[PDB]
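J.: Here you go, one structure.
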Amino acid sequence: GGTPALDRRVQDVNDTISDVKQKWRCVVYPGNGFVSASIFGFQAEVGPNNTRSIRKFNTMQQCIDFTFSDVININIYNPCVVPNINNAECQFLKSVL
Amino acid sequence: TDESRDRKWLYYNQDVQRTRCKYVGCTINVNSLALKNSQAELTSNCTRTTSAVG
Amino acid sequence: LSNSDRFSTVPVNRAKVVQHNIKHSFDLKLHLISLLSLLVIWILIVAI
Amino acid sequence: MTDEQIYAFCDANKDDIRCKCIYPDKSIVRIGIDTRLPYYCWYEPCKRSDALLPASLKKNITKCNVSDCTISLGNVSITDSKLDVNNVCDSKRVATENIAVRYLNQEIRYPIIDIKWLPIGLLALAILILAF
Amino acid sequence: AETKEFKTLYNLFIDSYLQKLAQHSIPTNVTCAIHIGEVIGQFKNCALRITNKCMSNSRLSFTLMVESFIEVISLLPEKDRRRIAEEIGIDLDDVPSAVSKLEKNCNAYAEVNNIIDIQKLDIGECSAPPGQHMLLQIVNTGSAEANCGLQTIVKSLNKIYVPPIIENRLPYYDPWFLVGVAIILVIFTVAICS
Amino acid sequence: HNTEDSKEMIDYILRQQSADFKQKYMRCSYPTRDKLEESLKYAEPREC
């Protein structure tokens, strides 16, 4: 009986996060393929002048690979905060979340 | 800043500052516990951590 | 984390723990006791 | 290492992943502020094991999403029972009816009569001379 | 004695509700407390479990409570599950994410804070199969109305009949009478043979 | 004493001090720009 055996030596990101909105969730972006998203925004990449530009994935496979690998998302782009534009990107992020 | 502690051991400035402080903690207090062939277990894991328990 | 050291990162085979607790434990010898009691009864009733 | 050494080292190398949430971009800080969630509670380099953090960052991360729930029992008296006060206020789920078995390193007592019986037992044998 | 918990309908409901609360746990600034003046337990295998959850969102609390209750009565017979449903005040055909009669009845505890104050508590008889214990829970939540729903559902599930384990072992008292009679009758048969 | 006049007198006395006294004993009351930025990065008072 009892609880199932656990291997803590392998780390799960979903174990620590208790809020569904904080977990990164790859979603379909009508503007360009697919892009990672969360309450903090979309995962971004370094620009030429240290700018924030959201990554674009042609297929769900690439989003699944990049989001859940061992790499760390240093760059975060939030359309509702960083530009403060509050354009359709902000509404899209709100609807996804 | 404990109720069990006697206030003669604190200065008056410490005594007046004892009741006006905020404790965002997670505590268990039992005044008395008489165990007769029992196995009590008072655990309080309270800040959000990994759900799975080894 | 006041009980962090009592939990093991590696999985625990609790079945093996119980098997070892039973292997290395006192053995009430009911078979030997019953055989000796039967022998005592037979000797005290029939042999004597 | 001390906090001043931490600051000097991280100013020497400001792009190192090891020190990225001690000196994060203003973008991350203001995203955290505008979400009502401090950045050091969710930003991945802070969660990193090898990341170096000063005293202030540590004592502010230690208050990340901490709840305030208390249990105040009185005079408890239980006999032949089990008391399980959980006071659990997080996503972690207590393992109910999880039998915690340890290694019973039992030490088997042996049927050795106190050897002070050795003289008296001899006396027992001696009384056969009464039957001769 | 480390014994297993004897699973029972209300215990399953409480544990499922607690798991759902934990998996939707959200930080809150409200103080939730349990204060019991006296706890008295004098019967064996009467396990006591004081779990202190509290979720400020009481609407989601009733949603999860109704969901857990529905999943619990998914194994009962149809007539019994339905009649217990109207007894509690929950309708299966209604979505759990809807206000039911039970929630409306228990909204009368919205003004009071989310504290559970018991002046004195005593655990009654707990008849359980050997190797298992009867476990009683005192669960707090982030609203007194969610608590209202909790105890009313717990009482309704307690209203069912579960066959009890009957103890056939006789009370034990030191039997010197038997050995005395044996010695006397041994003397009697010695005299008879002689 | 914990009155208004007592607090004003305390502030007056502590602000009529020399540079050496403020540098040696009153570093908490006069934080540097770096500490001000660090406190702006946080939400609790700097003194915490």
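Labeling convention for the structure tokens: chains A, B, ... as they appear, residues from 1 per chain, ligands from 1 in order of appearance.
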I want to know what sits within 10 Å of residue 26 in chain C, based on only C-alpha atoms, with residues of the same chain fewer than 6 positions away left out; could you give that as a PyMOL selection string?

T.: chain D and resi 106-110

J.: Using only C-alpha atoms and a distance of at most 10 Å, pull out the residues of chain D that contact chain F, as a ChimeraX atom specification.

T.: /D:22-23,26,29-30,33,38-40,56-57,59-60

J.: Pull the helix (DSSP H, G or I) assignments for chain F out of DSSP run on the backbone, and list those residues as a list in words.

T.: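 Everything in chain F that counts as helix (DSSP H, G or I) is residues 4, 5, 6, 7, 8, 9, 10, 11, 12, 13, 14, 15, 19, 20, 21, 22, 23, 24, 25, 33, 34, 35, 36, 37, 38, 39, 40 and 41 of chain F.
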
J.: How would the residues just picked look written out with N, CA and C atoms as a PDB file, in the first residue's frame?

T.:
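See result-v8.pdb below for the written result:
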ATOM      1  N   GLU F   4       4.200  63.204  20.367  1.00  0.00           N
ATOM      2  CA  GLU F   4       4.604  63.963  19.190  1.00  0.00           C
ATOM      3  C   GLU F   4       5.812  64.842  19.492  1.00  0.00           C
ATOM      4  N   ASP F   5       5.768  65.571  20.610  1.00  0.00           N
ATOM      5  CA  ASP F   5       6.867  66.465  20.959  1.00  0.00           C
ATOM      6  C   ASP F   5       8.158  65.691  21.182  1.00  0.00           C
ATOM      7  N   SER F   6       8.070  64.521  21.815  1.00  0.00           N
ATOM      8  CA  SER F   6       9.261  63.709  22.034  1.00  0.00           C
ATOM      9  C   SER F   6       9.872  63.258  20.713  1.00  0.00           C
ATOM     10  N   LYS F   7       9.036  62.851  19.754  1.00  0.00           N
ATOM     11  CA  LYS F   7       9.554  62.428  18.456  1.00  0.00           C
ATOM     12  C   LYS F   7      10.181  63.592  17.699  1.00  0.00           C
ATOM     13  N   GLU F   8       9.550  64.768  17.743  1.00  0.00           N
ATOM     14  CA  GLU F   8      10.142  65.935  17.099  1.00  0.00           C
ATOM     15  C   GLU F   8      11.478  66.295  17.735  1.00  0.00           C
ATOM     16  N   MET F   9      11.568  66.212  19.065  1.00  0.00           N
ATOM     17  CA  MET F   9      12.829  66.501  19.738  1.00  0.00           C
ATOM     18  C   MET F   9      13.896  65.474  19.377  1.00  0.00           C
ATOM     19  N   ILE F  10      13.513  64.200  19.265  1.00  0.00           N
ATOM     20  CA  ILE F  10      14.463  63.167  18.858  1.00  0.00           C
ATOM     21  C   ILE F  10      15.003  63.466  17.467  1.00  0.00           C
ATOM     22  N   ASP F  11      14.108  63.796  16.533  1.00  0.00           N
ATOM     23  CA  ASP F  11      14.543  64.104  15.175  1.00  0.00           C
ATOM     24  C   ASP F  11      15.441  65.334  15.152  1.00  0.00           C
ATOM     25  N   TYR F  12      15.088  66.364  15.925  1.00  0.00           N
ATOM     26  CA  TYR F  12      15.909  67.567  15.993  1.00  0.00           C
ATOM     27  C   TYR F  12      17.308  67.257  16.508  1.00  0.00           C
ATOM     28  N   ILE F  13      17.400  66.515  17.614  1.00  0.00           N
ATOM     29  CA  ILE F  13      18.703  66.177  18.174  1.00  0.00           C
ATOM     30  C   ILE F  13      19.513  65.349  17.186  1.00  0.00           C
ATOM     31  N   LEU F  14      18.884  64.356  16.557  1.00  0.00           N
ATOM     32  CA  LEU F  14      19.622  63.469  15.666  1.00  0.00           C
ATOM     33  C   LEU F  14      20.020  64.163  14.369  1.00  0.00           C
ATOM     34  N   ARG F  15      19.322  65.230  13.988  1.00  0.00           N
ATOM     35  CA  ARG F  15      19.673  65.964  12.780  1.00  0.00           C
ATOM     36  C   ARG F  15      20.582  67.157  13.044  1.00  0.00           C
ATOM     37  N   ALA F  19      28.968  65.499  10.957  1.00  0.00           N
ATOM     38  CA  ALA F  19      29.110  64.515   9.889  1.00  0.00           C
ATOM     39  C   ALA F  19      29.663  63.197  10.416  1.00  0.00           C
ATOM     40  N   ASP F  20      30.633  63.263  11.333  1.00  0.00           N
ATOM     41  CA  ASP F  20      31.240  62.044  11.857  1.00  0.00           C
ATOM     42  C   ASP F  20      30.225  61.197  12.614  1.00  0.00           C
ATOM     43  N   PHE F  21      29.372  61.834  13.420  1.00  0.00           N
ATOM     44  CA  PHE F  21      28.358  61.087  14.156  1.00  0.00           C
ATOM     45  C   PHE F  21      27.374  60.413  13.211  1.00  0.00           C
ATOM     46  N   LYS F  22      26.929  61.128  12.175  1.00  0.00           N
ATOM     47  CA  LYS F  22      25.993  60.539  11.225  1.00  0.00           C
ATOM     48  C   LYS F  22      26.641  59.421  10.421  1.00  0.00           C
ATOM     49  N   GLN F  23      27.944  59.526  10.156  1.00  0.00           N
ATOM     50  CA  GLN F  23      28.647  58.480   9.423  1.00  0.00           C
ATOM     51  C   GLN F  23      28.907  57.250  10.284  1.00  0.00           C
ATOM     52  N   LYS F  24      29.097  57.432  11.589  1.00  0.00           N
ATOM     53  CA  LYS F  24      29.445  56.310  12.454  1.00  0.00           C
ATOM     54  C   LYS F  24      28.224  55.612  13.040  1.00  0.00           C
ATOM     55  N   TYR F  25      27.229  56.372  13.500  1.00  0.00           N
ATOM     56  CA  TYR F  25      26.089  55.807  14.205  1.00  0.00           C
ATOM     57  C   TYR F  25      24.789  55.840  13.418  1.00  0.00           C
ATOM     58  N   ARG F  33      22.851  55.724  -2.358  1.00  0.00           N
ATOM     59  CA  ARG F  33      22.024  55.622  -3.557  1.00  0.00           C
ATOM     60  C   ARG F  33      21.822  54.169  -3.972  1.00  0.00           C
ATOM     61  N   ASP F  34      22.858  53.340  -3.821  1.00  0.00           N
ATOM     62  CA  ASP F  34      22.728  51.926  -4.160  1.00  0.00           C
ATOM     63  C   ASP F  34      21.672  51.248  -3.296  1.00  0.00           C
ATOM     64  N   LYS F  35      21.675  51.534  -1.993  1.00  0.00           N
ATOM     65  CA  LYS F  35      20.665  50.958  -1.115  1.00  0.00           C
ATOM     66  C   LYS F  35      19.277  51.494  -1.438  1.00  0.00           C
ATOM     67  N   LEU F  36      19.182  52.754  -1.868  1.00  0.00           N
ATOM     68  CA  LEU F  36      17.894  53.286  -2.299  1.00  0.00           C
ATOM     69  C   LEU F  36      17.376  52.545  -3.526  1.00  0.00           C
ATOM     70  N   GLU F  37      18.256  52.262  -4.489  1.00  0.00           N
ATOM     71  CA  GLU F  37      17.843  51.483  -5.655  1.00  0.00           C
ATOM     72  C   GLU F  37      17.414  50.077  -5.254  1.00  0.00           C
ATOM     73  N   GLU F  38      18.163  49.445  -4.347  1.00  0.00           N
ATOM     74  CA  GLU F  38      17.794  48.108  -3.891  1.00  0.00           C
ATOM     75  C   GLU F  38      16.437  48.113  -3.201  1.00  0.00           C
ATOM     76  N   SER F  39      16.169  49.131  -2.377  1.00  0.00           N
ATOM     77  CA  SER F  39      14.871  49.224  -1.719  1.00  0.00           C
ATOM     78  C   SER F  39      13.756  49.481  -2.721  1.00  0.00           C
ATOM     79  N   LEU F  40      14.034  50.263  -3.768  1.00  0.00           N
ATOM     80  CA  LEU F  40      13.051  50.440  -4.832  1.00  0.00           C
ATOM     81  C   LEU F  40      12.781  49.132  -5.562  1.00  0.00           C
ATOM     82  N   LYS F  41      13.786  48.259  -5.650  1.00  0.00           N
ATOM     83  CA  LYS F  41      13.590  46.958  -6.285  1.00  0.00           C
ATOM     84  C   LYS F  41      12.639  46.086  -5.472  1.00  0.00           C
TER      85      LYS F  41
END

J.: Which value, in Å to one decimal, gives the distance between CA of residue 128 in chain D and CA of residue 37 in chain C?

T.: 27.0 Å

J.: Pick out the chain D residues within 8 Å of chain A. Count only C-alpha atoms. Give them as number ranges by chain.

T.: D: 20, 27-28, 30-32, 34-35, 44-45, 91, 95, 97-99

J.: Using only C-alpha atoms, I'd like every residue of chain B that has an atom within 12 Å of chain E; please write them out as a PyMOL selection string.

T.: chain B and resi 22-52

J.: Which residues of chain C are close to chain D, meaning at most 12 Å apart when you count only C-alpha atoms, and how do they look as a list in words?

T.: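 Filtering chain C at 12 Å from chain D with only C-alpha atoms gives residues 6, 7, 12, 13, 14, 15, 16, 17, 18, 19, 20, 21, 22, 23, 24, 25, 26, 27 and 28 of chain C.
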
J.: Quick one: write out the picked residues with N, CA and C atoms as a PDB file, in the first residue's frame?

T.:
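Wrote it out as again_7.pdb, contents follow:
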ATOM      1  N   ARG C   6      14.534  13.673   6.854  1.00  0.00           N
ATOM      2  CA  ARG C   6      13.874  12.391   7.057  1.00  0.00           C
ATOM      3  C   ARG C   6      13.262  11.835   5.780  1.00  0.00           C
ATOM      4  N   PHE C   7      13.304  12.585   4.685  1.00  0.00           N
ATOM      5  CA  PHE C   7      12.813  12.133   3.394  1.00  0.00           C
ATOM      6  C   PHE C   7      13.989  11.855   2.469  1.00  0.00           C
ATOM      7  N   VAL C  12      12.091   4.425  -2.163  1.00  0.00           N
ATOM      8  CA  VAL C  12      12.255   3.495  -1.053  1.00  0.00           C
ATOM      9  C   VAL C  12      11.441   2.244  -1.345  1.00  0.00           C
ATOM     10  N   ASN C  13      12.094   1.085  -1.269  1.00  0.00           N
ATOM     11  CA  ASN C  13      11.428  -0.205  -1.431  1.00  0.00           C
ATOM     12  C   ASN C  13      10.945  -0.643  -0.056  1.00  0.00           C
ATOM     13  N   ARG C  14       9.757  -0.169   0.325  1.00  0.00           N
ATOM     14  CA  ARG C  14       9.228  -0.464   1.652  1.00  0.00           C
ATOM     15  C   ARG C  14       8.899  -1.942   1.816  1.00  0.00           C
ATOM     16  N   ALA C  15       8.592  -2.632   0.716  1.00  0.00           N
ATOM     17  CA  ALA C  15       8.363  -4.070   0.789  1.00  0.00           C
ATOM     18  C   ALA C  15       9.610  -4.794   1.272  1.00  0.00           C
ATOM     19  N   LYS C  16      10.779  -4.408   0.754  1.00  0.00           N
ATOM     20  CA  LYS C  16      12.027  -4.997   1.227  1.00  0.00           C
ATOM     21  C   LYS C  16      12.296  -4.644   2.681  1.00  0.00           C
ATOM     22  N   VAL C  17      11.911  -3.440   3.108  1.00  0.00           N
ATOM     23  CA  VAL C  17      12.066  -3.067   4.510  1.00  0.00           C
ATOM     24  C   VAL C  17      11.251  -3.996   5.399  1.00  0.00           C
ATOM     25  N   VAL C  18      10.004  -4.270   5.012  1.00  0.00           N
ATOM     26  CA  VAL C  18       9.168  -5.168   5.806  1.00  0.00           C
ATOM     27  C   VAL C  18       9.707  -6.595   5.756  1.00  0.00           C
ATOM     28  N   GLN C  19      10.191  -7.029   4.590  1.00  0.00           N
ATOM     29  CA  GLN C  19      10.772  -8.363   4.482  1.00  0.00           C
ATOM     30  C   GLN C  19      11.990  -8.520   5.380  1.00  0.00           C
ATOM     31  N   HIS C  20      12.825  -7.486   5.476  1.00  0.00           N
ATOM     32  CA  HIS C  20      13.978  -7.552   6.367  1.00  0.00           C
ATOM     33  C   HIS C  20      13.555  -7.485   7.828  1.00  0.00           C
ATOM     34  N   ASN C  21      12.537  -6.681   8.139  1.00  0.00           N
ATOM     35  CA  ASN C  21      12.042  -6.614   9.509  1.00  0.00           C
ATOM     36  C   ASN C  21      11.448  -7.940   9.954  1.00  0.00           C
ATOM     37  N   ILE C  22      10.925  -8.726   9.019  1.00  0.00           N
ATOM     38  CA  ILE C  22      10.392 -10.043   9.352  1.00  0.00           C
ATOM     39  C   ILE C  22      11.488 -11.100   9.374  1.00  0.00           C
ATOM     40  N   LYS C  23      12.455 -11.002   8.461  1.00  0.00           N
ATOM     41  CA  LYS C  23      13.562 -11.952   8.436  1.00  0.00           C
ATOM     42  C   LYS C  23      14.384 -11.872   9.717  1.00  0.00           C
ATOM     43  N   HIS C  24      14.756 -10.661  10.123  1.00  0.00           N
ATOM     44  CA  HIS C  24      15.519 -10.451  11.351  1.00  0.00           C
ATOM     45  C   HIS C  24      14.570 -10.071  12.486  1.00  0.00           C
ATOM     46  N   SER C  25      13.819 -11.066  12.951  1.00  0.00           N
ATOM     47  CA  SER C  25      12.891 -10.856  14.050  1.00  0.00           C
ATOM     48  C   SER C  25      12.721 -12.156  14.819  1.00  0.00           C
ATOM     49  N   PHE C  26      12.189 -12.033  16.033  1.00  0.00           N
ATOM     50  CA  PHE C  26      12.007 -13.192  16.894  1.00  0.00           C
ATOM     51  C   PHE C  26      11.031 -14.176  16.263  1.00  0.00           C
ATOM     52  N   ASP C  27      11.344 -15.460  16.379  1.00  0.00           N
ATOM     53  CA  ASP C  27      10.565 -16.529  15.762  1.00  0.00           C
ATOM     54  C   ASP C  27       9.902 -17.350  16.862  1.00  0.00           C
ATOM     55  N   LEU C  28       8.601 -17.142  17.052  1.00  0.00           N
ATOM     56  CA  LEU C  28       7.817 -17.994  17.939  1.00  0.00           C
ATOM     57  C   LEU C  28       7.715 -19.378  17.314  1.00  0.00           C
TER      58      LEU C  28
END

J.: Taking only C-alpha atoms into account, produce a table as JSON lines in which each residue of chain D with an atom at most 6 Å from an atom of chain B appears once, together with its shortest atom pair and the distance in Å to one decimal, ordered by chain and rising number.

T.:
{"residue": "D:66", "atom": "CA", "partner": "B:47", "partner_atom": "CA", "distance": 5.1}
{"residue": "D:68", "atom": "CA", "partner": "B:25", "partner_atom": "CA", "distance": 5.1}
{"residue": "D:69", "atom": "CA", "partner": "B:26", "partner_atom": "CA", "distance": 5.1}
{"residue": "D:70", "atom": "CA", "partner": "B:27", "partner_atom": "CA", "distance": 4.8}
{"residue": "D:71", "atom": "CA", "partner": "B:28", "partner_atom": "CA", "distance": 4.8}
{"residue": "D:72", "atom": "CA", "partner": "B:29", "partner_atom": "CA", "distance": 4.8}
{"residue": "D:73", "atom": "CA", "partner": "B:30", "partner_atom": "CA", "distance": 4.8}
{"residue": "D:74", "atom": "CA", "partner": "B:31", "partner_atom": "CA", "distance": 4.9}
{"residue": "D:75", "atom": "CA", "partner": "B:32", "partner_atom": "CA", "distance": 4.4}
{"residue": "D:76", "atom": "CA", "partner": "B:33", "partner_atom": "CA", "distance": 4.8}
{"residue": "D:77", "atom": "CA", "partner": "B:34", "partner_atom": "CA", "distance": 4.7}
{"residue": "D:78", "atom": "CA", "partner": "B:35", "partner_atom": "CA", "distance": 5.8}
{"residue": "D:79", "atom": "CA", "partner": "B:36", "partner_atom": "CA", "distance": 4.6}
{"residue": "D:80", "atom": "CA", "partner": "B:38", "partner_atom": "CA", "distance": 4.9}
{"residue": "D:81", "atom": "CA", "partner": "B:38", "partner_atom": "CA", "distance": 5.1}
{"residue": "D:82", "atom": "CA", "partner": "B:39", "partner_atom": "CA", "distance": 5.2}
{"residue": "D:83", "atom": "CA", "partner": "B:40", "partner_atom": "CA", "distance": 4.4}
{"residue": "D:84", "atom": "CA", "partner": "B:41", "partner_atom": "CA", "distance": 5.1}
{"residue": "D:85", "atom": "CA", "partner": "B:42", "partner_atom": "CA", "distance": 4.9}
{"residue": "D:86", "atom": "CA", "partner": "B:43", "partner_atom": "CA", "distance": 5.4}
{"residue": "D:87", "atom": "CA", "partner": "B:44", "partner_atom": "CA", "distance": 5.2}
{"residue": "D:88", "atom": "CA", "partner": "B:46", "partner_atom": "CA", "distance": 5.1}
{"residue": "D:89", "atom": "CA", "partner": "B:46", "partner_atom": "CA", "distance": 4.8}
{"residue": "D:90", "atom": "CA", "partner": "B:48", "partner_atom": "CA", "distance": 4.7}
{"residue": "D:91", "atom": "CA", "partner": "B:51", "partner_atom": "CA", "distance": 5.7}
{"residue": "D:92", "atom": "CA", "partner": "B:51", "partner_atom": "CA", "distance": 3.8}
{"residue": "D:93", "atom": "CA", "partner": "B:51", "partner_atom": "CA", "distance": 5.9}

J.: Pull out every residue of chain B that has at least one atom within 12 Å of chain F, counting only C-alpha atoms, and report them as a list in words.

T.: residues 12, 13, 16 and 17 of chain B

J.: Mind dumping the selected residues with N, CA and C atoms as a short mmCIF file (atom, residue, chain, number, x, y, z; two decimals), in the first residue's frame?

T.:
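Heads up, here's the output in again-v2.cif:
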data_model
loop_
_atom_site.label_atom_id
_atom_site.label_comp_id
_atom_site.auth_asym_id
_atom_site.auth_seq_id
_atom_site.Cartn_x
_atom_site.Cartn_y
_atom_site.Cartn_z
N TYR B 12 11.39 47.93 28.53
CA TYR B 12 10.06 48.47 28.30
C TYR B 12 9.85 48.79 26.82
N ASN B 13 10.89 49.26 26.14
CA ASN B 13 10.79 49.51 24.71
C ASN B 13 10.53 48.22 23.95
N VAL B 16 6.73 47.24 24.73
CA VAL B 16 5.68 47.96 24.01
C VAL B 16 5.70 47.64 22.52
N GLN B 17 6.86 47.25 21.99
CA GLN B 17 6.99 46.85 20.60
C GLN B 17 6.66 45.38 20.39
#

J.: Please provide the set of residues having any atom within 8 Å of residue 84 in chain E, restricted to only C-alpha atoms, with same-chain residues fewer than 4 positions apart removed, written as a PyMOL selection string.

T.: chain E and resi 80+88+156

J.: Range 161-176 of chain E: which residues within 10 Å, counting only C-alpha atoms, same-chain residues fewer than 6 positions away excluded, as a PyMOL selection string?

T.: chain E and resi 8-9+126-130+182

J.: Store the residues picked out above in a file with N, CA, C and O atoms, as a short mmCIF file (atom, residue, chain, number, x, y, z; two decimals), in the first residue's frame.

T.:
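Once written, out.cif looks like this:
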data_model
loop_
_atom_site.label_atom_id
_atom_site.label_comp_id
_atom_site.auth_asym_id
_atom_site.auth_seq_id
_atom_site.Cartn_x
_atom_site.Cartn_y
_atom_site.Cartn_z
N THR E 8 -13.86 5.53 4.02
CA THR E 8 -15.30 5.60 4.18
C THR E 8 -15.78 6.81 3.38
O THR E 8 -15.02 7.75 3.14
N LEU E 9 -17.05 6.77 2.96
CA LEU E 9 -17.56 7.70 1.96
C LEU E 9 -17.25 9.16 2.31
O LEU E 9 -16.73 9.91 1.47
N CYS E 126 -15.25 4.28 17.79
CA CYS E 126 -14.77 4.13 16.42
C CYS E 126 -14.53 2.64 16.15
O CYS E 126 -13.44 2.12 16.38
N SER E 127 -15.57 1.96 15.67
CA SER E 127 -15.47 0.54 15.38
C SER E 127 -14.89 0.34 13.98
O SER E 127 -15.51 0.73 12.99
N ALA E 128 -13.72 -0.27 13.91
CA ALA E 128 -13.01 -0.47 12.66
C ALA E 128 -12.55 -1.92 12.53
O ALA E 128 -12.36 -2.60 13.54
N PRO E 129 -12.39 -2.41 11.31
CA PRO E 129 -11.82 -3.74 11.13
C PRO E 129 -10.40 -3.78 11.65
O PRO E 129 -9.68 -2.77 11.61
N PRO E 130 -9.95 -4.93 12.15
CA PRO E 130 -8.58 -5.03 12.66
C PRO E 130 -7.56 -4.75 11.56
O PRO E 130 -7.73 -5.16 10.41
N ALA E 182 -9.39 -27.09 39.45
CA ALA E 182 -8.58 -28.19 38.93
C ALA E 182 -7.78 -28.86 40.04
O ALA E 182 -7.72 -30.09 40.10
#
